[PDB]
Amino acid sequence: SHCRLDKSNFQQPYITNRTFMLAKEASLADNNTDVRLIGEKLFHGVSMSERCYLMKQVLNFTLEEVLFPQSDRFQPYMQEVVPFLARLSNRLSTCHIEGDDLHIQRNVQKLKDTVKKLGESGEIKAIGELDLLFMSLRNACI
């Protein structure tokens, strides 16, 4: 199936506010001012029709290796945002692209590598960038 998310997923003020507030709080705990996770490099070579699928991979990675491990932290917003993002992941579940995703895998791997290079603060940074994740999912999938 084609990866996509109705725009209504990103137009509700309550959860959108919680998401941005969680990002702000985490960013205040992130001192890595030299690294950006969601940016040009992540999308390099990815065509518009594959962006949502790319974001699906970034989302699932962020859920499994960042948000879940940090799920009991950044209370109480974390506990409201995680279920929201997980539902989006579930909606995208198993959707795919009809083309080769080798370039997408490489771009995601670099993001994963960057988070590990940063260690714990890598996870903190990812949470601090939930605002960019939110906007990237919306922009690539609606």
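When you see a residue number, it is the position in the sequence shown, counting from 1.
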Requested in this report: Compare the other PDB entries of this protein and indicate whether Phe20 is left unmodelled in at least a third of them.
Outcome: yes
Query raised in the report: Do at least a third of the other entries of this protein fail to model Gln11?
Result: yes
Query raised in the report: If you average the Cα B factors in the entry, which is higher, 6 to 14 or 114 to 122?
Result: 114 to 122
Query raised in the report: Mean C-alpha B-factor higher for 54 to 62, or for 22 to 30?
Result: 22 to 30
Query raised in the report: Say you rank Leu88, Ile38, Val82, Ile97 by Cα B-factor from the PDB entry; which sits at the top?
Result: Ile97
